[PDB]
Amino acid sequence: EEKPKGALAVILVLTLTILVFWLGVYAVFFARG
Amino acid sequence: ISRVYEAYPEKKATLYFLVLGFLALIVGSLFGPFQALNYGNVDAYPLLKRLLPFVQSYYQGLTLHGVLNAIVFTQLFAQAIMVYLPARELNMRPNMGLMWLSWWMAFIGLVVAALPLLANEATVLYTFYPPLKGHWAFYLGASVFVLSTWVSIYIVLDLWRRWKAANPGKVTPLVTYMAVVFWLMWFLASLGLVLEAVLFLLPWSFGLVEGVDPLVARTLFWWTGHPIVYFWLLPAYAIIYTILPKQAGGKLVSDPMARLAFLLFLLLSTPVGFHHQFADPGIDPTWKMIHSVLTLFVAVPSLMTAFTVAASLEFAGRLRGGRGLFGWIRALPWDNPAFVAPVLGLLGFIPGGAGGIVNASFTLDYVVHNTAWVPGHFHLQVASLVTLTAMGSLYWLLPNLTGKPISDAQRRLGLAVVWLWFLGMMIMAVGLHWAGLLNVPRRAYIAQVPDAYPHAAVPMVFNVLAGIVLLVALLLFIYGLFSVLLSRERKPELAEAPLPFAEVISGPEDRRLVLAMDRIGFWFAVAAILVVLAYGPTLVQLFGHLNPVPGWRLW
Amino acid sequence: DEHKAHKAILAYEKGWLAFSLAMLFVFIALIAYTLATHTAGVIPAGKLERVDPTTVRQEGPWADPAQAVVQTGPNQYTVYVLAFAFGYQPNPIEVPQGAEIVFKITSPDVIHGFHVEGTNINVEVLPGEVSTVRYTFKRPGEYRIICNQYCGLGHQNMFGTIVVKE
Ligand code: HAS
Ligand code: HEM
Ligand code: CUA
Ligand SMILES: [Cu+2]
Ligand SMILES: [Xe]
Ligand SMILES: [Xe]
Ligand SMILES: [Xe]
């Protein structure tokens, strides 16, 4: 049919989770640096 | 007494792998809850010591948890799935002599190693890091157990070569392609552990030598030690790409995307191991950086996959009357556990991935290394996705193998088991990732020092809750698996049913792409040069300066 | 439909891919950054430094715990620590603030971990090898060292201490 809008939604959720986790821990690294 | 065993004797062989596999999962998993509580600051062990008088310490439990679940269950599942599936797809028979040789090797190898483990002679954990020296029969047992896969590699190479011969110039079928680069990847990978075992562990525990170099021991270990998690993952991926879209009422939306994913796993799976050794001395920081980058690359296959499966599930969902941006999620068959189990597992796989990508970033590792975070990371990965997929697959594979149908009572029991296992695993993950941010070390009997980590107050509540939820789940699962394996209900016709393989949307651009990827001989050579380029420089330098140390028993 | 869906998907797929690499390369950059800063100090010494684990505590830098600390620069202090079956030497390690402490750690028996709560000091300690890490404590005080690698039956109980004097 058209643009896989729900696939996008899934990979978007994934991308945000990757960022919250990564930046999140990148934060703590310096906080312990 | 089954003809179905006689044109498909490969069915029986496959059942025995699975049975042995799920038994290991049950025995292993019993220690699960006790360990979850341990991390909840509750000491359950005198209770378990009373049920199981043979259990001597927390650490023997953990060794049994690790080995039977992550080494035994997963390897037996792989062997069943990555031999049988490529067999049913080519509609050929696996060399049956060899197949049964690999089952016995695995069965004898397990039994040989089971003894010292059960007799508390090898409380070394599934990583078995020297100098901690385990009984010789553990090392030999595992050796043979792992060597069983070498027969499987062969069997499936054979099957592939024989299909090549009968179809000159045709593109390897998808599942087979997956299985083929699967077992080749595993072969390249397996050399590390095999070298450690043949060079150090076996002679050592036979006494032939007195010392082992810990740094090379674990450097070689993590050579195999990482690809082995992909050796766990890919059998689940094979199922998700080529059987789940059908169970979801849609199609795999891209053949060559699925090929590319598995190709990249052959390529980047092995030369990354230093990501397990970020905290090790004597390995150059450059080489670590290199490997940290190759590890982010190894993440790409799972990023690609994340889209492809989602597309197919949304495709499946729309076909099912998928409404708007989220309507297709509700449109799926949430009444079928064969579908529910893997999809849920894929959810848990999202936090799972971010944790791993964190872990892989060299310097960020030092935050979490060896803390309760890592157990957080991998229960979302192996004990969720892989396990749930496997459990779920009971709902279709088991009928196809045995001809026993599945009752509605059972199909509903499964949905309970699956949802609980998922919820239990989620709850724990938060407990362990949390606890891990608070410095709670992993591989520790922390209930035995109740006052050490008071700052993990609330995560400990979660870890406790998870232990209860997962114990229930486990009991219900044992119940339901045995109910299916203990009924005499046999329709031999559903046993002769085809596997619910899913069809694939093909495009024009496929051909040339797919063709290039079917160049298996070339890609394998590239795979191997990478390993030499990634490991070679370091391995030579460590081998130049061997410093063996005597063994120790401290349990 | 379906064949339409194939082009759309494969398009959006290349997009996602390119965006993902781009995002990985951003992480590659930021890690490269920490490698260049003061905080890259917790990264273990690259060099092989072999020692005998059966003589570490009869002869050498780790013999006498009263020789453990040794000022080696204008603001640099080498601390020779010994992680052994169920404890650390010296206990406590006593160090100054705002000095660059160079830890040189080893084991006479099995593998242990050296995890300095509150810090990025997280190194594995291997019998027959010296694990060398640098770190400048800024916050003063009572740091507790935790063994985070299974070492035996009393592992859960192998703690140590750092006393960074104000
Ligand atoms: C099979 C099981 C495992 C998988 C999979 C796995 C993935 C990764 N791991 Fe790992 N791991 C590390 C790095 C990674 C990286 C970069 C990945 C990547 O492959 C992960 C990529 C995954 C993703 C990028 C997620 C993709 C998400 C998908 C595909 C789902 C989408 C959902 C959908 C589509 C469903 C939507 C559904 C609807 C209904 C809408 C590192 C460091 O770099 C350590 C060392 C920690 C330390 O310090 O000791 C480590 C530690 C471990 C250990 C402990 C070993 C030990 O005891 O010492 C185990 C057992 C393990 C297993 C596994 N690990 N890992
Ligand atoms: C019954 C459900 C389960 C629960 C409640 C559970 C819980 C836990 C916990 C809390 C730990 C940390 C223990 C420690 O570090 O000392 C652990 C370790 C581990 N578990 Fe599980 N788990 C379960 C099932 C599984 C499954 C299905 C697998 C693999 C398929 C698995 C593989 C592992 C591995 C590899 C470790 C680490 C062992 C080690 O560090 O040597 N577990 N488990
Ligand atoms: Cu030393 Cu655990
Ligand atoms: Cu890994
Ligand atoms: Xe084993
Ligand atoms: Xe082994
Ligand atoms: Xe592993």
# chains A, B, ... in the order shown; residues from 1 in each chain; ligands from 1
>>> residues_near_ligand(ligand="ligand 2", cutoff="7 Å", atoms="only C-alpha atoms and all ligand atoms", output="PyMOL selection string")
chain B and resi 25+29-33+35-36+39+62-63+65-66+69-70+73-74+125-127+372+375+379+382-383+387+442-445+466-467+470-471+474
>>> closest_atom_pairs(of="chain A", to="chain B", cutoff="8 Å", atoms="only C-alpha atoms", output="CSV")
residue,atom,partner,partner_atom,distance
A:4,CA,B:311,CA,6.4
A:5,CA,B:325,CA,6.0
A:6,CA,B:325,CA,5.4
A:7,CA,B:310,CA,4.9
A:8,CA,B:307,CA,7.6
A:9,CA,B:325,CA,7.8
A:10,CA,B:310,CA,6.9
A:11,CA,B:307,CA,6.3
A:14,CA,B:350,CA,6.0
A:17,CA,B:354,CA,6.4
A:18,CA,B:354,CA,4.6
A:19,CA,B:354,CA,7.8
A:21,CA,B:354,CA,5.9
A:22,CA,B:358,CA,5.3
A:25,CA,B:364,CA,6.9
A:26,CA,B:364,CA,6.4
A:28,CA,B:367,CA,7.5
A:29,CA,B:364,CA,6.2
>>> residues_near_ligand(ligand="ligand 5", cutoff="6 Å", atoms="only C-alpha atoms and all ligand atoms", output="PyMOL selection string")
chain B and resi 110+113+141-142+145
>>> select_by_dssp(residues="chain A", states="helix (DSSP H, G or I)", output="list in words")
residues 5, 6, 7, 8, 9, 10, 11, 12, 13, 14, 15, 16, 17, 18, 19, 20, 21, 22, 23, 24, 25, 26, 27, 28, 29, 30 and 31 of chain A
>>> write_last_selection(atoms="C-alpha atoms", output="mmCIF file, in the first residue's frame")
data_model
loop_
_atom_site.group_PDB
_atom_site.id
_atom_site.type_symbol
_atom_site.label_atom_id
_atom_site.label_comp_id
_atom_site.auth_asym_id
_atom_site.auth_seq_id
_atom_site.Cartn_x
_atom_site.Cartn_y
_atom_site.Cartn_z
ATOM 1 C CA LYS A 5 4.241 4.233 9.092
ATOM 2 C CA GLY A 6 4.192 1.617 11.898
ATOM 3 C CA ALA A 7 7.643 0.246 11.031
ATOM 4 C CA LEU A 8 8.879 3.826 11.343
ATOM 5 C CA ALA A 9 7.133 4.082 14.720
ATOM 6 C CA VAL A 10 8.905 0.934 15.855
ATOM 7 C CA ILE A 11 12.408 2.054 14.691
ATOM 8 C CA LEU A 12 11.726 5.499 16.187
ATOM 9 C CA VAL A 13 10.985 3.984 19.621
ATOM 10 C CA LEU A 14 14.192 1.994 19.146
ATOM 11 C CA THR A 15 16.237 5.054 18.256
ATOM 12 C CA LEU A 16 15.034 7.004 21.269
ATOM 13 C CA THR A 17 15.799 4.019 23.586
ATOM 14 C CA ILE A 18 19.318 3.831 22.135
ATOM 15 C CA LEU A 19 19.851 7.534 22.809
ATOM 16 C CA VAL A 20 18.374 7.596 26.354
ATOM 17 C CA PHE A 21 20.542 4.591 27.217
ATOM 18 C CA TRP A 22 23.742 5.789 25.501
ATOM 19 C CA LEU A 23 23.729 9.501 26.343
ATOM 20 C CA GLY A 24 22.323 8.411 29.728
ATOM 21 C CA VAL A 25 25.449 6.331 30.486
ATOM 22 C CA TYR A 26 27.804 8.756 28.732
ATOM 23 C CA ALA A 27 26.515 11.164 31.388
ATOM 24 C CA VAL A 28 27.420 8.871 34.303
ATOM 25 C CA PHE A 29 30.893 8.212 32.835
ATOM 26 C CA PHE A 30 31.810 11.887 33.156
ATOM 27 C CA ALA A 31 29.987 12.196 36.492
#
>>> atom_distance(atom1="atom 10 (Fe, counted along the ligand's line) of ligand 1", atom2="atom CA of residue 43 of chain B")
28.4 Å
